[PDB]
Amino acid sequence: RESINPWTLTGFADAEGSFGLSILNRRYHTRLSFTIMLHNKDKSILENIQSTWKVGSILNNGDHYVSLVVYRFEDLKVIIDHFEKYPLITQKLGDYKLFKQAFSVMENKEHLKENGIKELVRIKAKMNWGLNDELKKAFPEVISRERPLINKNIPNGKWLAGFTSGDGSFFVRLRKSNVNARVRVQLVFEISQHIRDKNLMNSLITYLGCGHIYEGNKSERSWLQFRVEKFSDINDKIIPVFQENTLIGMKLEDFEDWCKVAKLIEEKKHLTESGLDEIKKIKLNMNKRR
DNA sequence: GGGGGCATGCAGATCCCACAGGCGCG
DNA sequence: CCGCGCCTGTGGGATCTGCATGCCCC
Ligand SMILES: [Ca+2]
Ligand SMILES: [Ca+2]
Ligand SMILES: [Ca+2]
Ligand SMILES: [Cl-]
Ligand code: NA
């Protein structure tokens with residue numbers, strides 16, 4: 001199994017990973033973990049992450065889903081080494097930090113003492129979705145949840161390839177002209193993301209030299225889109241970036257099909273019946289995969 | 001002998017993905 | 001007239017995240 005470039009691995013973790021701190025009434029169960037859950041079609045990504053890290057278990061989740069779970073205490077140390085040298089970039093970095101704090105508590109066995117469990121609860125309260133009702137009623141003293149916002153730049157193209165392989169999308173639009181009858185083609189690249197990382201997403205315009213940020217009304221949704229629709233930007237900026245910075249998983253196959261369409265458009269063949277037919281065949285290939 | 005962490009799951013919540021159509025512009 | 005692509009708008013499921021517990025080892 002091929003191994004993933006370390007920065008590409010961190011990008012994919014920014015997109016799809018999850019740091020978990022479970023605190024359950026057994027006396028208390030305490031379980032730190034890092035988890036990536038994907039559809040079966042991208043199990044190879046998890047296997048390649050597994051062999052790159054040499055830690056974690058791959059488990060099936062129902063018939064359609066699969067997840068890589070790192071939970072062994074010693075394995076947690078491998079994850080922390082990786083993320084110190086190749087740190088997260090999104091607000092998830094703040095969950096990694098707290099995760100690393102909880103690992104330090106448990107490493108010192110401080111979670112066995114009374115004040116230990118309370119210390120983990122103070123950390124978990126700031127992780128992900130906070131404390132459940134149970135832990136709130138048992139620890140009414142733990143009130144603080146606000147943590148510092150992350151503000152980091154895109155570090156490099158390999159990180160972007162990993163992030164894009166998780167939260168990105170390469171797709172081909174066909175629009176039948178309601179004014180005429182000719183079918184148009186439009187290549188689109190889009191990354192969507194929760195507005196908590198609006199600054200990072202906005203920096204994509206500067207990093208890539210193209211694109212637009214689209215938002216709804218503040219009441220409508222909590223996520224926004226980065227999108228490129230102008231073909232000369234697709235062809236001259238987006239494609240070379242991901243030829244250099246290799247995608248992983250099914251997103252790599254989408255990108256390869258995507259570039260076949262780009263080449264036809266560059267050759268003006270999208271305005272002929274034979275070129276349009278080939279683009280429809282490529283799009284059929286993409287719809288099948290995903 | 002038993003406390004604690006492992007092994008191996010199952011389930012709930014939402015943030016993505018992969019698009020759609022109106023229409024102004026050059 | 002035309003093709004392009006800016007811009008508004010979105011269904012639904014693949015993600016993110018949380019919740020469980022019997023077994024085993026030192
Ligand atoms: Ca994500
Ligand atoms: Ca994904
Ligand atoms: Ca994702
Ligand atoms: Cl680059
Ligand atoms: Na680049």
Side-chain angles (χ1 to χ4, degrees), chain A residues 12-24 26 28-40 42 56-62 64-67 69-73 75-76 90 92 95 106 111 124 127-133 135 163-175 177 181 183-197 201 210-217 220-221 223-234 249-251 254 258 265 268 270-271 283 286-287 289-290:
Chain A
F12 194 80
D14 263 306
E16 306 290 33
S18 190
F19 293 86
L21 173 50
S22 200
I23 304 181
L24 292 168
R26 180 175 300 268
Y28 271 109
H29 277 95
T30 60
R31 178 183 181 269
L32 275 176
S33 60
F34 174 76
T35 304
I36 296 170
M37 189 185 311
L38 307 175
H39 188 287
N40 278 333
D42 270 312
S57 310
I58 295 179
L59 312 168
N60 300 285
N61 291 89
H64 303 107
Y65 311 114
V66 64
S67 69
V69 186
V70 184
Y71 66 90
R72 277 180 174 166
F73 179 71
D75 292 5
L76 270 40
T90 69
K92 191 177 296 296
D95 296 304
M106 298 174 56
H111 61 299
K124 168 173 176 54
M127 284 182 63
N128 300 337
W129 293 349
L131 301 185
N132 57 35
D133 286 322
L135 282 174
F163 187 73
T164 297
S165 293
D167 288 337
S169 182
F170 300 92
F171 59 90
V172 188
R173 296 195 60 189
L174 301 174
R175 289 184 67 174
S177 170
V183 180
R184 288 202 55 248
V185 195
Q186 198 72 39
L187 289 178
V188 179
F189 172 62
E190 192 177 303
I191 307 174
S192 60
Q193 196 77 2
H194 194 282
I195 62 190
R196 69 182 196 171
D197 268 306
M201 296 290 290
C210 62
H212 304 272
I213 291 289
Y214 292 123
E215 306 170 272
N217 291 317
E220 309 188 318
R221 45 174 149 117
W223 56 274
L224 49 67
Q225 300 154 287
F226 169 84
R227 190 192 301 164
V228 183
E229 292 182 277
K230 176 171 166 45
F231 174 73
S232 75
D233 292 333
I234 296 301
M250 277 194 298
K251 210 67 71 185
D254 287 343
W258 203 64
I265 293 159
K268 310 290 186 190
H270 65 304
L271 311 169
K283 195 184 187 319
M286 303 172 83
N287 299 326
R289 182 170 45 249
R290 34 154 180 162

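A, B, ... follow the sequence lines: proteins, then strands. Residue 1 opens every chain. Values below: every heavy atom of this structure, side chains too, minus hydrogens, waters and symmetry copies.
- Between A:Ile58 atom CD1 and B:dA7 atom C1' there is a gap of 15 Å when expressed in whole angstrom units.
- Scanning atom types as modelled, one donor and one acceptor separated by under 3.5 angstrom connect the side chain of A:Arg173 and the base of B:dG21.
- Partners of A:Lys230 under the side-chain hydrogen bond (donor to acceptor under 3.5 Å, both in side chains) rule, at least two apart in sequence or in another chain, are A:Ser232.
- Listed nucleotides: C:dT17, C:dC4, B:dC17. Nearest to the side chain of A:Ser192: B:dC17.
- For A:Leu59, the side chain to side chain contact (heavy atoms under 4.5 Å, CB included) criterion is met by A:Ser57, A:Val69, not counting sequence neighbours.
- In this structure, A:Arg196 places its CZ atom 13 Å from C1' of B:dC16, rounding to the nearest Å.
- The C1'-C2'-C3'-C4' dihedral of B:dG9 is positive. Its furanose therefore counts as north.
- Considering only the side chain of A:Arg221, C:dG9 comes nearest among C:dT17, C:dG9, C:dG5.
- Among A:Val188, A:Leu187, A:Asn287, the single residue meeting the side-chain contact (heavy atoms from CB on, under 4.5 Å) criterion with A:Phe171 is A:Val188.
- Taking atom OH on A:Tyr65 and atom P on B:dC17, their separation rounds to 12 Å, with Å as the unit.
- Side-chain nitrogen and oxygen atoms of A:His111 include at least one within less than 4.0 Å of the OP1 or OP2 phosphate oxygen of B:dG5.
- Within the nucleic acid shown, A:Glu16 comes within 4.0 Å of sugar-phosphate atoms alone, with no base atom in reach, counting heavy atoms only.
- Remark: the A:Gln225 side chain and the C:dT10 base include a donor-acceptor N/O pair separated by less than 3.5 Å.
- In this model, the phosphate group of C:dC16 is not approached by any side-chain N or O of A:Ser18 to a distance below 4.0 Å at OP1 or OP2.
- Atom P of nucleotide C:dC16 and atom NE2 of A:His39 are separated by 15 Å, given to the nearest angstrom.
- A:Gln193 has its side chain within reach of A:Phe163: a pair of non-hydrogen atoms, C-beta onward, lies under 4.5 Å apart.
- The side chain of A:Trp223 lies closest to C:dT10 when the candidates are C:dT15, B:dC19, C:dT10.
- With rounding to whole Å, A:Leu32 atom CG is found 15 Å from C:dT17 atom P.
- The interatomic distance linking A:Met201 (CE) with B:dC16 (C1') rounds to 11 Å, in whole Å.
- Aromatic ring pairs are classed by plane angle as parallel below 30°, tilted from 30° to 60° and perpendicular above 60°; the pair A:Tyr65 and A:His39 is perpendicular.
- Protein atom CH2 of A:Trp129 is 10 Å distant from nucleotide atom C1' of C:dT15, rounded to whole Å.
- No hydrogens or angles were tested; on distance alone, nothing pairs the side chain of A:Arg175 with the base of C:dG3 as donor and acceptor under 3.5 Å.
- Applying the 4.0 Å criterion to OP1 and OP2 of C:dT21, one finds that A:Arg26 has every side-chain N and O outside that range.
- Contact check, A:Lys251 against B:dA18: a side-chain N or O comes under 4.0 Å of OP1 or OP2.
- Nearest to the side-chain atoms of A:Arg227 among the listed nucleotides C:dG3, C:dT8, B:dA7 stands C:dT8.
- A:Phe12 has its CZ atom 14 Å from the P atom of C:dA14, to the nearest Å.
- The shortest distance between side-chain heavy atoms of A:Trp258 and A:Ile234 falls below 4.5 Å.
- For A:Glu190, the side-chain hydrogen bond (donor to acceptor under 3.5 Å, both in side chains) test picks out A:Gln225, A:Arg227, with sequence neighbours left out.
- Nearest nucleotide to the side chain of A:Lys283, out of B:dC19, C:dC6, C:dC19: B:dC19.
- Overall, the helix from B:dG2-C:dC26 to B:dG26-C:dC2 carries an axis bend of 60° between its ends, with five pairs at each end and the value rounded to 10°.
- For the pair A:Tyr214 and A:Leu224, the tightest heavy-atom approach, listed with the atom from each and the gap, is O-CB, 3.3 Å.
- Residue A:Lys92 places at least one side-chain N or O under 4.0 Å from the OP1 or OP2 atom of C:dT17.
- Side-chain N/O atoms of A:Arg290 include none lying less than 4.0 angstrom from OP1 or OP2 on B:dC17.
- For the side-chain hydrogen bond (donor to acceptor under 3.5 Å, both in side chains) test, residues two or more places apart in sequence or in another chain that qualify with A:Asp14 are A:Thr90, A:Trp159.
- Residue-to-nucleotide contacts include no donor-acceptor pair under 3.5 Å from the side chain of A:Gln193 to the base of B:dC16.
- A:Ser18 pairs by the side chain to side chain contact (heavy atoms under 4.5 Å, CB included) definition with A:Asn128, not counting sequence neighbours.
- The side chain of A:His29 sits closest to C:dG22 out of C:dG22, B:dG12, B:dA18.
- A search for side-chain hydrogen bond (donor to acceptor under 3.5 Å, both in side chains) contacts involving A:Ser165 returns nothing, not counting sequence neighbours.
- Residue side chain A:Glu229 reaches the base of C:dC7 through a donor-acceptor N/O pair under 3.5 Å, judged by distance alone.
- For A:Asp197, there are no salt bridge (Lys or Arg N to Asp or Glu O under 4.0 Å) partners two or more places apart in sequence or in a different chain.
- When distances are taken from the side chain of A:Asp167 to each of B:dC19, C:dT17, B:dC17, the shortest belongs to B:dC17.
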Grab the N/O contacts between the protein and nucleotides 8-11 of chain B below 3.5 Å, and write none if there aren't any.
unit_1: B:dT8; atom_1: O4; unit_2: A:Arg31; atom_2: NE; d: 3.4
unit_1: B:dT8; atom_1: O4; unit_2: A:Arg31; atom_2: NH2; d: 3.1

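- The phosphate of C:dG18 has neither OP1 nor OP2 within less than 4.0 Å of any side-chain N or O from A:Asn132.
- The A:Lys230 side chain lies nearest to C:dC6 when the options are C:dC6, C:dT17, C:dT10.
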